[PDB]
Amino acid sequence: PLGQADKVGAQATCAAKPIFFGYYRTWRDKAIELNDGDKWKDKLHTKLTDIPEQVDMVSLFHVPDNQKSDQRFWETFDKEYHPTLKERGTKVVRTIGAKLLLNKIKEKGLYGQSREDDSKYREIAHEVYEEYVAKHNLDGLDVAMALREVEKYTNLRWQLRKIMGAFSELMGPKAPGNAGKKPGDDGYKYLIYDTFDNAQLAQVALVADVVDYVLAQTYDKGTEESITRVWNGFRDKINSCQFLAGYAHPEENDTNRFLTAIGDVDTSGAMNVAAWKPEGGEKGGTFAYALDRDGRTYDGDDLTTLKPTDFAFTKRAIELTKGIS
């Protein structure tokens, strides 16, 4: 048998100090094997260990359809990348899309109504944990929920709640395996939720009690007042220590147009987000999408070429988030 979090609102203190969270596109890693006809079969400049040593947590965004094979990538990760990141103290988690989870719910024949066998949700959670987290000794799972249909349909809300509860038995504050451990401790297994910057569309009330962090996709904000507005939308469901606001770096052939992390670093809206704090509280930290595109724009050859990065935005966000130099 599987409301809001235990504490909500602005919290003057947090169990873990504010962190910088980084999304890493595995199909842009040097060790990955892209398709034969791919225009970027070469020109791959960045490796995973190139990220700054002060990154607290990195999330591997692995998409099998974006490359031909990942065997070399995982061999390099197990041999080279992961020991170095562990030496630096950087946690590594794995991002999974909610669409894949709903597909797995559907394969089991679940509609999500009462009288169903909730052990099937536990089966799905264990399979996902073994494949995505345990297989490569990762530190937890990040569920990306950017589906507008979840909020509209009761059965989808039920399904999401049940799969996140089944996951809470394996990761997060509710997991018995994390007994006496806290985010930031060695061996802690994280349960992370990234979603809309709209709390209602996010359906964060279904996961607030089981997740360590809530990552709001504030990719179009860039103003402290707008982030305050988003946070006031979330504050009655989660506490500020769970909340992370973020920005997105321009991607090649993206069509999305996220403008907060372009131009001068110190005056960018991305650094306003990194510097932002909840009034009367401390935040969970700051996150950035596509670390390999740090500093890139949508202009000129940037839209169509891959380039190395100096991680200037990443370093400055770390400084503003953690209050260090």
# chains A, B, ... in the order shown; residues from 1 in each chain; ligands from 1
$ residues_around --residues "stretch 197-199 of chain A" --least-positions-apart "6" --cutoff "8 Å" --atoms "only C-alpha atoms" --output "PDB file with C-alpha atoms, in the first residue's frame"
ATOM      1  CA  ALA A 216      11.955  24.536 -11.346  1.00  0.00           C
ATOM      2  CA  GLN A 217      12.666  25.176 -15.033  1.00  0.00           C
ATOM      3  CA  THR A 218      12.905  28.966 -14.830  1.00  0.00           C
ATOM      4  CA  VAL A 230       7.685  31.357  -8.895  1.00  0.00           C
ATOM      5  CA  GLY A 233       3.837  29.705  -6.171  1.00  0.00           C
ATOM      6  CA  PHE A 234       5.715  26.722  -4.706  1.00  0.00           C
TER       7      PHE A 234
END
$ select_by_dssp --residues "stretch 2-91 of chain A" --states "strand (DSSP E or B)" --output "list in words"
residues 9, 19, 20, 21, 22, 23, 24, 25, 33, 57, 58, 59, 60, 61, 69 and 91 of chain A
$ closest_atom_pairs --of "stretch 76-147 of chain A" --to "stretch 155-161 of chain A" --cutoff "12 Å" --atoms "only C-alpha atoms" --output "tab-separated table"
residue	atom	partner	partner_atom	distance
A:98	CA	A:160	CA	8.5
A:99	CA	A:160	CA	10.6
A:100	CA	A:160	CA	11.8
A:101	CA	A:160	CA	8.6
A:102	CA	A:159	CA	7.7
A:103	CA	A:159	CA	10.9
A:104	CA	A:159	CA	10.7
A:105	CA	A:159	CA	7.5
A:106	CA	A:159	CA	9.7
A:108	CA	A:159	CA	11.8
A:109	CA	A:159	CA	11.8
A:110	CA	A:159	CA	8.3
A:111	CA	A:155	CA	6.5
A:112	CA	A:155	CA	5.2
A:113	CA	A:155	CA	6.7
A:114	CA	A:158	CA	9.2
A:116	CA	A:159	CA	11.0
A:118	CA	A:159	CA	10.3
A:120	CA	A:159	CA	11.2
A:121	CA	A:159	CA	8.6
A:124	CA	A:159	CA	11.7
A:125	CA	A:160	CA	11.8
A:143	CA	A:160	CA	10.5
A:144	CA	A:160	CA	11.6
A:145	CA	A:160	CA	9.5
A:147	CA	A:156	CA	10.3
$ select_by_dssp --residues "stretch 53-161 of chain A" --states "alpha helix (DSSP H)" --output "number ranges by chain"
A: 71-76, 82-88, 98-107, 119-128, 149-152, 154-161
$ write_last_selection --atoms "C-alpha atoms" --output "PDB file, in the first residue's frame"
ATOM      1  CA  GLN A  71      29.707   1.114 -24.225  1.00  0.00           C
ATOM      2  CA  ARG A  72      32.901   3.189 -24.475  1.00  0.00           C
ATOM      3  CA  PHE A  73      31.222   6.031 -22.567  1.00  0.00           C
ATOM      4  CA  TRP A  74      30.233   3.838 -19.630  1.00  0.00           C
ATOM      5  CA  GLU A  75      33.609   2.113 -19.602  1.00  0.00           C
ATOM      6  CA  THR A  76      35.321   5.521 -19.415  1.00  0.00           C
ATOM      7  CA  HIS A  82      33.600   8.500 -11.785  1.00  0.00           C
ATOM      8  CA  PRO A  83      36.776   8.035  -9.675  1.00  0.00           C
ATOM      9  CA  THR A  84      37.840  11.608 -10.456  1.00  0.00           C
ATOM     10  CA  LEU A  85      34.388  13.036  -9.660  1.00  0.00           C
ATOM     11  CA  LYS A  86      34.270  11.031  -6.407  1.00  0.00           C
ATOM     12  CA  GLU A  87      37.714  12.402  -5.530  1.00  0.00           C
ATOM     13  CA  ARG A  88      36.384  15.927  -6.173  1.00  0.00           C
ATOM     14  CA  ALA A  98       8.281  10.812 -17.013  1.00  0.00           C
ATOM     15  CA  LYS A  99       7.042   9.576 -20.411  1.00  0.00           C
ATOM     16  CA  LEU A 100       9.162   6.440 -20.074  1.00  0.00           C
ATOM     17  CA  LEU A 101       7.771   5.892 -16.553  1.00  0.00           C
ATOM     18  CA  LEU A 102       4.182   6.232 -17.786  1.00  0.00           C
ATOM     19  CA  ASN A 103       4.953   3.807 -20.577  1.00  0.00           C
ATOM     20  CA  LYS A 104       6.224   1.313 -18.004  1.00  0.00           C
ATOM     21  CA  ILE A 105       3.074   1.878 -15.927  1.00  0.00           C
ATOM     22  CA  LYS A 106       1.012   1.148 -19.054  1.00  0.00           C
ATOM     23  CA  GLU A 107       2.947  -2.029 -19.956  1.00  0.00           C
ATOM     24  CA  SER A 119       3.559  -4.218  -5.966  1.00  0.00           C
ATOM     25  CA  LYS A 120       3.697  -3.546  -9.703  1.00  0.00           C
ATOM     26  CA  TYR A 121       4.714   0.059  -9.044  1.00  0.00           C
ATOM     27  CA  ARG A 122       7.402  -1.363  -6.732  1.00  0.00           C
ATOM     28  CA  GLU A 123       8.509  -3.705  -9.536  1.00  0.00           C
ATOM     29  CA  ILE A 124       8.878  -0.762 -11.893  1.00  0.00           C
ATOM     30  CA  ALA A 125      10.757   1.231  -9.259  1.00  0.00           C
ATOM     31  CA  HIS A 126      13.191  -1.626  -8.632  1.00  0.00           C
ATOM     32  CA  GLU A 127      13.806  -2.181 -12.350  1.00  0.00           C
ATOM     33  CA  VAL A 128      14.441   1.518 -12.933  1.00  0.00           C
ATOM     34  CA  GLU A 149      -1.405  16.090 -19.371  1.00  0.00           C
ATOM     35  CA  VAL A 150      -0.520  14.812 -15.872  1.00  0.00           C
ATOM     36  CA  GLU A 151      -2.292  17.728 -14.193  1.00  0.00           C
ATOM     37  CA  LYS A 152      -5.387  17.305 -16.425  1.00  0.00           C
ATOM     38  CA  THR A 154      -6.862  12.033 -12.390  1.00  0.00           C
ATOM     39  CA  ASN A 155      -5.478   8.623 -13.375  1.00  0.00           C
ATOM     40  CA  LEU A 156      -2.152  10.176 -14.414  1.00  0.00           C
ATOM     41  CA  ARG A 157      -1.941  12.005 -11.066  1.00  0.00           C
ATOM     42  CA  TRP A 158      -2.597   8.710  -9.284  1.00  0.00           C
ATOM     43  CA  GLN A 159       0.058   6.967 -11.364  1.00  0.00           C
ATOM     44  CA  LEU A 160       2.659   9.665 -10.715  1.00  0.00           C
ATOM     45  CA  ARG A 161       1.965   9.625  -6.985  1.00  0.00           C
TER      46      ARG A 161
END
$ closest_residue --among "A:270, A:303, A:192, A:201" --to "residue A:220" --atoms "only C-alpha atoms"
A:270
$ closest_residue --among "A:272, A:325, A:46, A:66" --to "residue A:311" --atoms "only C-alpha atoms"
A:46
$ closest_residue --among "A:134, A:193, A:24, A:57" --to "residue A:96" --atoms "only C-alpha atoms"
A:193
$ residues_around --residues "stretch 26-38 of chain A" --least-positions-apart "2" --cutoff "10 Å" --atoms "only C-alpha atoms" --output "compact mmCIF listing (two decimals) with N, CA, C and O atoms, in the first residue's frame"
# COMPACT_ATOMS: atom_id res chain seq x y z
N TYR A 23 23.33 19.69 -15.46
CA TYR A 23 22.88 18.70 -16.43
C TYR A 23 23.95 18.51 -17.50
O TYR A 23 24.36 19.48 -18.15
N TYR A 24 24.32 17.26 -17.74
CA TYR A 24 25.38 16.90 -18.68
C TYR A 24 24.78 16.03 -19.78
O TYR A 24 24.25 14.94 -19.51
N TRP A 40 28.18 15.44 -36.42
CA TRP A 40 29.08 15.72 -35.31
C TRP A 40 29.77 14.44 -34.82
O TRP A 40 30.10 14.32 -33.64
N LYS A 41 29.99 13.47 -35.72
CA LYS A 41 30.77 12.28 -35.36
C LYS A 41 32.14 12.60 -34.77
O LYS A 41 32.64 11.86 -33.92
N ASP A 42 32.75 13.71 -35.18
CA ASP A 42 33.93 14.27 -34.55
C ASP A 42 33.52 15.57 -33.87
O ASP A 42 32.36 15.71 -33.44
N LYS A 43 34.45 16.52 -33.75
CA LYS A 43 34.16 17.85 -33.21
C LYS A 43 33.61 17.81 -31.78
O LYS A 43 32.99 18.78 -31.33
N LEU A 44 33.78 16.70 -31.07
CA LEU A 44 33.35 16.60 -29.67
C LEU A 44 34.49 17.03 -28.77
O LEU A 44 35.47 16.30 -28.58
N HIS A 45 34.39 18.25 -28.23
CA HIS A 45 35.47 18.87 -27.47
C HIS A 45 35.44 18.48 -25.99
O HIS A 45 36.49 18.38 -25.36
N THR A 46 34.27 18.36 -25.37
CA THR A 46 34.21 18.30 -23.92
C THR A 46 34.14 16.86 -23.41
O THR A 46 33.49 16.00 -24.01
N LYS A 47 34.85 16.60 -22.31
CA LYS A 47 34.72 15.39 -21.52
C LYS A 47 34.04 15.72 -20.19
O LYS A 47 34.02 16.88 -19.76
N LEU A 48 33.52 14.69 -19.51
CA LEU A 48 32.80 14.90 -18.26
C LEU A 48 33.68 15.50 -17.16
O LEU A 48 33.22 16.37 -16.41
N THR A 49 34.94 15.11 -17.10
CA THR A 49 35.83 15.62 -16.05
C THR A 49 36.28 17.05 -16.30
O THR A 49 37.01 17.60 -15.47
N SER A 59 24.05 15.71 -13.25
CA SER A 59 23.04 14.76 -13.68
C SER A 59 23.32 14.34 -15.11
O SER A 59 23.24 15.18 -16.02
N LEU A 60 23.51 13.04 -15.31
CA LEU A 60 23.75 12.49 -16.64
C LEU A 60 22.44 12.37 -17.41
O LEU A 60 21.52 11.65 -17.01
N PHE A 61 22.35 13.13 -18.49
CA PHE A 61 21.20 13.11 -19.38
C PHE A 61 21.54 12.19 -20.54
O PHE A 61 22.15 12.59 -21.53
N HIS A 62 21.15 10.92 -20.41
CA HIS A 62 21.57 9.91 -21.37
C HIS A 62 20.38 9.58 -22.26
O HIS A 62 19.34 9.14 -21.77
N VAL A 63 20.55 9.76 -23.56
CA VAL A 63 19.48 9.46 -24.50
C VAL A 63 19.99 8.47 -25.53
O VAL A 63 20.73 8.86 -26.45
N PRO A 64 19.54 7.22 -25.49
CA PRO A 64 20.07 6.22 -26.44
C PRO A 64 19.80 6.59 -27.89
O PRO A 64 20.62 6.26 -28.75
N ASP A 65 18.70 7.28 -28.19
CA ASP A 65 18.42 7.60 -29.59
C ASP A 65 19.35 8.67 -30.15
O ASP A 65 19.29 8.95 -31.35
N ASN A 66 20.17 9.32 -29.32
CA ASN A 66 21.05 10.39 -29.77
C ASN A 66 22.46 9.91 -30.11
O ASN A 66 23.30 10.74 -30.47
N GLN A 67 22.73 8.62 -29.97
CA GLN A 67 24.05 8.08 -30.29
C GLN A 67 23.87 6.67 -30.79
O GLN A 67 22.80 6.06 -30.63
N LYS A 68 24.91 6.18 -31.46
CA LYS A 68 24.90 4.80 -31.91
C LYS A 68 25.14 3.82 -30.74
O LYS A 68 24.41 2.84 -30.60
N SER A 69 26.18 4.05 -29.92
CA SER A 69 26.51 3.16 -28.79
C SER A 69 27.09 3.92 -27.60
O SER A 69 27.71 4.98 -27.77
N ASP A 70 26.83 3.42 -26.39
CA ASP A 70 27.37 4.02 -25.17
C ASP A 70 28.38 3.14 -24.42
O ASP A 70 28.78 3.51 -23.31
N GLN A 71 28.82 2.01 -24.97
CA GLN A 71 29.71 1.11 -24.22
C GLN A 71 31.02 1.81 -23.83
O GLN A 71 31.49 1.68 -22.69
N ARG A 72 31.67 2.47 -24.78
CA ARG A 72 32.90 3.19 -24.47
C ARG A 72 32.65 4.29 -23.44
O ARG A 72 33.49 4.53 -22.56
N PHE A 73 31.50 4.96 -23.52
CA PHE A 73 31.22 6.03 -22.57
C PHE A 73 31.12 5.47 -21.16
O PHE A 73 31.70 6.03 -20.22
N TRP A 74 30.37 4.38 -20.98
CA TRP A 74 30.23 3.84 -19.63
C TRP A 74 31.53 3.21 -19.14
O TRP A 74 31.82 3.27 -17.95
N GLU A 75 32.31 2.61 -20.03
CA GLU A 75 33.61 2.11 -19.60
C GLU A 75 34.52 3.25 -19.13
O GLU A 75 35.21 3.11 -18.11
N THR A 76 34.53 4.38 -19.85
CA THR A 76 35.32 5.52 -19.41
C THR A 76 34.79 6.12 -18.12
O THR A 76 35.57 6.51 -17.24
N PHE A 77 33.47 6.15 -17.97
CA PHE A 77 32.87 6.68 -16.77
C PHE A 77 33.24 5.86 -15.55
O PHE A 77 33.58 6.40 -14.50
N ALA A 290 22.67 21.86 -19.83
CA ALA A 290 23.69 21.79 -20.88
C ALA A 290 24.98 22.51 -20.48
O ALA A 290 25.34 23.56 -21.02
N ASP A 292 27.95 21.67 -21.19
CA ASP A 292 28.90 21.75 -22.29
C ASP A 292 28.69 23.00 -23.15
O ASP A 292 29.64 23.45 -23.80
N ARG A 293 27.52 23.62 -23.10
CA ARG A 293 27.23 24.82 -23.87
C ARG A 293 27.40 26.10 -23.05
O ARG A 293 26.93 27.17 -23.46
N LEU A 306 29.85 23.04 -32.55
CA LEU A 306 30.22 22.73 -31.18
C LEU A 306 31.59 23.31 -30.88
O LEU A 306 32.47 23.34 -31.74
$ residues_around --residues "residue A:269" --least-positions-apart "6" --cutoff "10 Å" --atoms "only C-alpha atoms" --output "PDB file with N, CA and C atoms, in the first residue's frame"
ATOM      1  N   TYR A 219      13.655  28.842 -17.133  1.00  0.00           N
ATOM      2  CA  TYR A 219      14.560  29.141 -18.235  1.00  0.00           C
ATOM      3  C   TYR A 219      14.276  30.484 -18.889  1.00  0.00           C
ATOM      4  N   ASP A 220      13.119  31.077 -18.642  1.00  0.00           N
ATOM      5  CA  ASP A 220      12.770  32.352 -19.253  1.00  0.00           C
ATOM      6  C   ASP A 220      12.720  33.512 -18.250  1.00  0.00           C
ATOM      7  N   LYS A 221      13.117  33.293 -16.995  1.00  0.00           N
ATOM      8  CA  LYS A 221      12.983  34.333 -15.977  1.00  0.00           C
ATOM      9  C   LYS A 221      14.138  35.331 -15.921  1.00  0.00           C
ATOM     10  N   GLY A 222      15.205  34.988 -15.221  1.00  0.00           N
ATOM     11  CA  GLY A 222      16.337  35.896 -15.139  1.00  0.00           C
ATOM     12  C   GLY A 222      16.161  37.160 -14.317  1.00  0.00           C
ATOM     13  N   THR A 223      15.114  37.280 -13.519  1.00  0.00           N
ATOM     14  CA  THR A 223      14.953  38.447 -12.668  1.00  0.00           C
ATOM     15  C   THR A 223      14.639  37.942 -11.269  1.00  0.00           C
ATOM     16  N   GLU A 224      15.251  38.529 -10.234  1.00  0.00           N
ATOM     17  CA  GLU A 224      14.988  38.044  -8.872  1.00  0.00           C
ATOM     18  C   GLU A 224      13.500  38.139  -8.522  1.00  0.00           C
ATOM     19  N   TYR A 247      18.644  27.961 -15.125  1.00  0.00           N
ATOM     20  CA  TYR A 247      18.759  28.593 -16.430  1.00  0.00           C
ATOM     21  C   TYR A 247      19.279  27.547 -17.403  1.00  0.00           C
ATOM     22  N   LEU A 259      17.308  32.854 -23.128  1.00  0.00           N
ATOM     23  CA  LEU A 259      18.187  34.001 -23.277  1.00  0.00           C
ATOM     24  C   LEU A 259      18.837  34.452 -21.978  1.00  0.00           C
ATOM     25  N   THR A 260      18.615  33.759 -20.856  1.00  0.00           N
ATOM     26  CA  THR A 260      19.110  34.275 -19.576  1.00  0.00           C
ATOM     27  C   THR A 260      20.622  34.087 -19.422  1.00  0.00           C
ATOM     28  N   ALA A 261      21.213  33.081 -20.079  1.00  0.00           N
ATOM     29  CA  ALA A 261      22.634  32.757 -19.923  1.00  0.00           C
ATOM     30  C   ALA A 261      23.456  33.150 -21.151  1.00  0.00           C
ATOM     31  N   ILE A 262      23.183  34.315 -21.729  1.00  0.00           N
ATOM     32  CA  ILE A 262      23.897  34.812 -22.897  1.00  0.00           C
ATOM     33  C   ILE A 262      24.514  36.153 -22.543  1.00  0.00           C
ATOM     34  N   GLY A 263      25.696  36.411 -23.099  1.00  0.00           N
ATOM     35  CA  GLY A 263      26.373  37.675 -22.907  1.00  0.00           C
ATOM     36  C   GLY A 263      27.335  37.711 -21.740  1.00  0.00           C
ATOM     37  N   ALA A 275      22.272  34.125  -7.788  1.00  0.00           N
ATOM     38  CA  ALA A 275      22.372  34.969  -6.605  1.00  0.00           C
ATOM     39  C   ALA A 275      21.074  35.075  -5.805  1.00  0.00           C
TER      40      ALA A 275
END
$ closest_residue --among "A:321, A:178, A:95, A:168" --to "residue A:274" --atoms "only C-alpha atoms"
A:321
$ closest_residue --among "A:6, A:169, A:139, A:78" --to "residue A:184" --atoms "only C-alpha atoms"
A:139
$ closest_residue --among "A:287, A:282, A:174, A:94" --to "residue A:136" --atoms "only C-alpha atoms"
A:94
$ atom_distance --atom1 "atom CA of residue A:4" --atom2 "atom CA of residue A:248"
27.9 Å
$ atom_distance --atom1 "atom CA of residue A:8" --atom2 "atom CA of residue A:213"
12.8 Å
$ residues_around --residues "residue A:243" --least-positions-apart "4" --cutoff "12 Å" --atoms "only C-alpha atoms" --output "short mmCIF file (atom, residue, chain, number, x, y, z; two decimals) with N, CA, C and O atoms, in the first residue's frame"
data_model
loop_
_atom_site.label_atom_id
_atom_site.label_comp_id
_atom_site.auth_asym_id
_atom_site.auth_seq_id
_atom_site.Cartn_x
_atom_site.Cartn_y
_atom_site.Cartn_z
N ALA A 5 5.24 18.74 1.88
CA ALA A 5 6.38 18.16 2.58
C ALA A 5 6.26 18.37 4.09
O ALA A 5 5.35 19.05 4.58
N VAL A 8 7.44 23.39 5.16
CA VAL A 8 7.20 24.15 3.94
C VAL A 8 7.56 25.61 4.20
O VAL A 8 7.88 26.00 5.32
N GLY A 9 7.52 26.41 3.14
CA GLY A 9 7.82 27.82 3.26
C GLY A 9 9.31 28.10 3.34
O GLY A 9 10.16 27.22 3.19
N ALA A 10 9.65 29.33 3.57
CA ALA A 10 11.00 29.73 3.65
C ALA A 10 11.64 29.18 4.89
O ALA A 10 11.12 29.28 5.97
N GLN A 11 12.80 28.60 4.73
CA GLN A 11 13.53 28.04 5.86
C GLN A 11 14.85 28.77 6.04
O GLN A 11 15.70 28.78 5.14
N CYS A 14 19.01 24.99 6.35
CA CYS A 14 18.87 23.81 5.51
C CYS A 14 19.82 22.72 6.00
O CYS A 14 20.88 23.01 6.55
N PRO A 18 23.75 25.19 0.14
CA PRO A 18 23.29 25.33 -1.25
C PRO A 18 24.30 24.72 -2.22
O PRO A 18 25.51 24.84 -2.06
N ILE A 19 23.76 24.06 -3.25
CA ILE A 19 24.55 23.32 -4.23
C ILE A 19 24.39 23.89 -5.63
O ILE A 19 23.39 24.53 -5.97
N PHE A 21 23.90 22.44 -9.34
CA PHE A 21 23.47 21.23 -10.02
C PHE A 21 23.71 21.41 -11.51
O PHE A 21 23.32 22.42 -12.09
N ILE A 192 15.12 13.18 -6.94
CA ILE A 192 15.08 14.54 -7.45
C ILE A 192 13.96 14.66 -8.47
O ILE A 192 13.63 13.70 -9.18
N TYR A 193 13.34 15.84 -8.51
CA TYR A 193 12.18 16.13 -9.35
C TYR A 193 12.41 17.45 -10.07
O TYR A 193 12.55 18.49 -9.42
N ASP A 194 12.51 17.41 -11.40
CA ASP A 194 12.60 18.64 -12.19
C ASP A 194 11.36 18.77 -13.07
O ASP A 194 10.90 17.80 -13.67
N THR A 195 10.83 19.99 -13.16
CA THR A 195 9.47 20.15 -13.66
C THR A 195 9.23 21.61 -14.03
O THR A 195 10.15 22.44 -13.98
N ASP A 197 8.08 25.54 -13.90
CA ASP A 197 8.18 26.63 -12.93
C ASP A 197 6.80 27.11 -12.48
O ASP A 197 6.69 28.16 -11.85
N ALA A 199 3.79 25.77 -10.19
CA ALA A 199 3.58 24.73 -9.19
C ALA A 199 2.35 23.89 -9.49
O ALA A 199 2.30 22.70 -9.14
N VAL A 204 3.63 19.36 -7.96
CA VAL A 204 4.64 19.13 -6.93
C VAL A 204 4.03 18.62 -5.63
O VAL A 204 4.72 17.95 -4.85
N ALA A 208 6.24 16.28 -3.00
CA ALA A 208 6.96 17.16 -2.09
C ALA A 208 7.53 16.41 -0.89
O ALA A 208 8.65 16.68 -0.45
N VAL A 211 10.86 13.83 -2.10
CA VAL A 211 11.98 14.26 -2.93
C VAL A 211 12.93 15.11 -2.10
O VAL A 211 12.53 15.81 -1.16
N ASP A 212 14.21 15.02 -2.44
CA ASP A 212 15.22 15.85 -1.80
C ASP A 212 15.21 17.27 -2.37
O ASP A 212 15.39 18.24 -1.62
N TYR A 213 15.06 17.39 -3.69
CA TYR A 213 15.14 18.65 -4.40
C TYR A 213 14.04 18.76 -5.44
O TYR A 213 13.67 17.77 -6.09
N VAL A 214 13.55 19.98 -5.64
CA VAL A 214 12.60 20.30 -6.71
C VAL A 214 13.28 21.32 -7.61
O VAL A 214 13.65 22.42 -7.15
N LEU A 215 13.48 20.96 -8.88
CA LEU A 215 14.16 21.81 -9.85
C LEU A 215 13.12 22.47 -10.75
O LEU A 215 12.52 21.80 -11.60
N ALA A 216 12.90 23.77 -10.55
CA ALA A 216 11.95 24.54 -11.35
C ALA A 216 12.63 25.08 -12.60
O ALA A 216 13.65 25.77 -12.52
N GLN A 217 12.06 24.78 -13.76
CA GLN A 217 12.67 25.18 -15.03
C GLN A 217 12.33 26.64 -15.31
O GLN A 217 11.46 26.97 -16.12
N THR A 218 13.08 27.52 -14.66
CA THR A 218 12.91 28.97 -14.83
C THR A 218 13.74 29.51 -15.98
O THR A 218 14.39 30.54 -15.88
N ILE A 227 11.69 35.13 -10.06
CA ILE A 227 11.97 33.92 -9.30
C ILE A 227 11.22 33.95 -7.96
O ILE A 227 10.73 32.92 -7.50
N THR A 228 11.12 35.12 -7.33
CA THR A 228 10.32 35.22 -6.10
C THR A 228 8.87 34.86 -6.37
O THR A 228 8.22 34.20 -5.55
N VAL A 230 7.73 32.81 -8.73
CA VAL A 230 7.69 31.36 -8.90
C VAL A 230 7.74 30.67 -7.53
O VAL A 230 6.93 29.77 -7.23
N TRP A 231 8.68 31.09 -6.68
CA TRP A 231 8.84 30.48 -5.37
C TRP A 231 7.59 30.67 -4.51
O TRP A 231 7.18 29.75 -3.79
N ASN A 232 6.96 31.85 -4.58
CA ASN A 232 5.71 32.05 -3.85
C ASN A 232 4.64 31.12 -4.38
O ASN A 232 3.76 30.69 -3.62
N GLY A 233 4.71 30.76 -5.67
CA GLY A 233 3.84 29.71 -6.17
C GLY A 233 4.11 28.34 -5.55
O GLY A 233 3.19 27.53 -5.38
N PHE A 234 5.37 28.04 -5.26
CA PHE A 234 5.71 26.72 -4.71
C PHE A 234 5.73 26.63 -3.17
O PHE A 234 5.71 25.52 -2.65
N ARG A 235 5.74 27.76 -2.44
CA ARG A 235 6.19 27.73 -1.04
C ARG A 235 5.27 26.96 -0.09
O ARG A 235 5.73 26.53 0.97
N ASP A 236 3.99 26.77 -0.42
CA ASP A 236 3.12 26.05 0.51
C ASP A 236 3.18 24.54 0.34
O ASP A 236 2.67 23.82 1.20
N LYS A 237 3.77 24.06 -0.74
CA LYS A 237 3.93 22.63 -0.98
C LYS A 237 5.30 22.12 -0.55
O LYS A 237 5.40 21.02 0.01
N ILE A 238 6.37 22.90 -0.77
CA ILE A 238 7.72 22.48 -0.44
C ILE A 238 8.38 23.56 0.43
O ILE A 238 7.88 24.67 0.57
N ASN A 239 9.51 23.20 1.04
CA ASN A 239 10.30 24.18 1.76
C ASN A 239 11.42 24.68 0.86
O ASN A 239 11.77 24.05 -0.14
N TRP A 276 19.93 34.76 -6.40
CA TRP A 276 18.64 34.92 -5.74
C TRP A 276 18.54 34.05 -4.48
O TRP A 276 19.05 32.93 -4.42
N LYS A 277 17.85 34.58 -3.47
CA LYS A 277 17.56 33.80 -2.27
C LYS A 277 16.11 34.04 -1.89
O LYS A 277 15.62 35.18 -1.98
N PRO A 278 15.43 33.02 -1.35
CA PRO A 278 14.05 33.21 -0.86
C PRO A 278 14.01 34.14 0.32
O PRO A 278 14.81 34.01 1.25
N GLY A 281 14.81 33.05 3.93
CA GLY A 281 15.21 31.66 3.83
C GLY A 281 16.42 31.40 2.95
O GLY A 281 16.98 32.29 2.32
N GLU A 282 16.82 30.13 2.96
CA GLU A 282 17.91 29.62 2.14
C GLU A 282 17.30 28.67 1.11
O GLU A 282 16.29 28.02 1.37
N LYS A 283 17.90 28.64 -0.07
CA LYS A 283 17.38 27.82 -1.16
C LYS A 283 18.18 26.53 -1.28
O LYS A 283 19.24 26.35 -0.66
N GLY A 284 17.64 25.59 -2.08
CA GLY A 284 18.36 24.36 -2.31
C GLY A 284 19.61 24.54 -3.13
O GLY A 284 20.60 23.83 -2.93
N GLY A 285 19.60 25.50 -4.04
CA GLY A 285 20.77 25.79 -4.84
C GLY A 285 20.37 26.35 -6.19
O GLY A 285 19.31 26.96 -6.33
N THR A 286 21.23 26.09 -7.18
CA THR A 286 21.05 26.58 -8.53
C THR A 286 21.43 25.46 -9.48
O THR A 286 22.33 24.66 -9.20
N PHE A 287 20.72 25.38 -10.61
CA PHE A 287 21.02 24.38 -11.62
C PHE A 287 21.11 25.04 -12.99
O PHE A 287 20.57 26.13 -13.23
#
$ decode --residues "stretch 14-20 of chain A" --atoms "N, CA, C and O atoms" --output "tab-separated table (two decimals), in the first residue's frame"
chain	number	residue	atom	x	y	z
A	14	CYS	N	19.01	24.99	6.35
A	14	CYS	CA	18.87	23.81	5.51
A	14	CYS	C	19.82	22.72	6.00
A	14	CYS	O	20.88	23.01	6.55
A	15	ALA	N	19.42	21.47	5.78
A	15	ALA	CA	20.26	20.34	6.18
A	15	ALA	C	21.56	20.34	5.39
A	15	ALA	O	22.62	19.99	5.92
A	16	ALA	N	21.48	20.64	4.10
A	16	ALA	CA	22.63	20.69	3.21
A	16	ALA	C	22.83	22.13	2.74
A	16	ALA	O	21.86	22.86	2.49
A	17	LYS	N	24.09	22.52	2.57
A	17	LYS	CA	24.42	23.85	2.09
A	17	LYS	C	23.97	23.97	0.64
A	17	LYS	O	23.71	22.96	-0.02
A	18	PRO	N	23.75	25.19	0.14
A	18	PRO	CA	23.29	25.33	-1.25
A	18	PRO	C	24.30	24.72	-2.22
A	18	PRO	O	25.51	24.84	-2.06
A	19	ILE	N	23.76	24.06	-3.25
A	19	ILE	CA	24.55	23.32	-4.23
A	19	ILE	C	24.39	23.89	-5.63
A	19	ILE	O	23.39	24.53	-5.97
A	20	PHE	N	25.38	23.63	-6.47
A	20	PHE	CA	25.25	23.87	-7.90
A	20	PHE	C	24.99	22.53	-8.59
A	20	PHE	O	25.80	21.60	-8.46
